[PDB]
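First, one chain by itself in structure tokens, the form deposited in one PDB entry.
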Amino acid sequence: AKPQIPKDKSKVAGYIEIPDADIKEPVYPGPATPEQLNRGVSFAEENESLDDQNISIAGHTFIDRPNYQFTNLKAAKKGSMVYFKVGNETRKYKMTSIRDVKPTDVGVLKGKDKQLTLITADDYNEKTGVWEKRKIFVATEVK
């Protein structure tokens, strides 16, 4: 009954939408490596589960194309609606105040309201397997 994330990294797992920022993107399986983000927005981790309290999704910030992936995500303010479609359901969330923040460099983020952590990523470092430039945007489940 539960929605599943494709084992084949090349298949679209879902759709993420953020109207205030004009973002509508097919979400692909993780981890979020250059190749996956080359296909499109993708789950940050290979382990991700659509049943987690926190689901992480990462996208590029390529300011050459204002509207490429999560480049314009900063245009989404508090209260902004976020839609995450996964086959059988459309989950709605609202952007909280935790947005456009350095990962644990300024903030921090169980038994808590389901949320979505959208991540803008750039500067991938092959030696460490880390995107060096990242901004966090947390949206909280509505219904």
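Rigid core: the largest C-alpha set superposing within 1.5 Å between the two forms. Only residues modelled in both forms are compared. One-based numbering along the sequence shown.
Omitted here: the form solved in complex with a partner chain. The next part is about that form.
Checking 45, 89, 35, 51 for any heavy atom within 4.5 Å of its partner chain in the bound PDB entry turns up a single hit: 45. Distance criterion of 4.5 Å from any heavy atom to its partner chain in the bound PDB entry singles out 58 from the list 76, 82, 58, 27. Looking at residue 9, you'd find every heavy atom of it more than 4.5 angstroms from its partner chain in the bound PDB entry. Of the heavy atoms in residue 40, none are within 4.5 Å of its partner chain in the bound PDB entry. For residue 21, no non-hydrogen atom is located within 4.5 Å of its partner chain in the bound PDB entry, even though that partner is not displayed. Shown alone here, residue 109 lies within 4.5 Å of its partner chain in the bound PDB entry, counting heavy atoms only. Segments of 3 or more consecutive residues in which every C-alpha moves by 2 Å or more between the shown form and the other one, counting only residues present in both forms and fitting on the core, reduce to a single one: 110-112.
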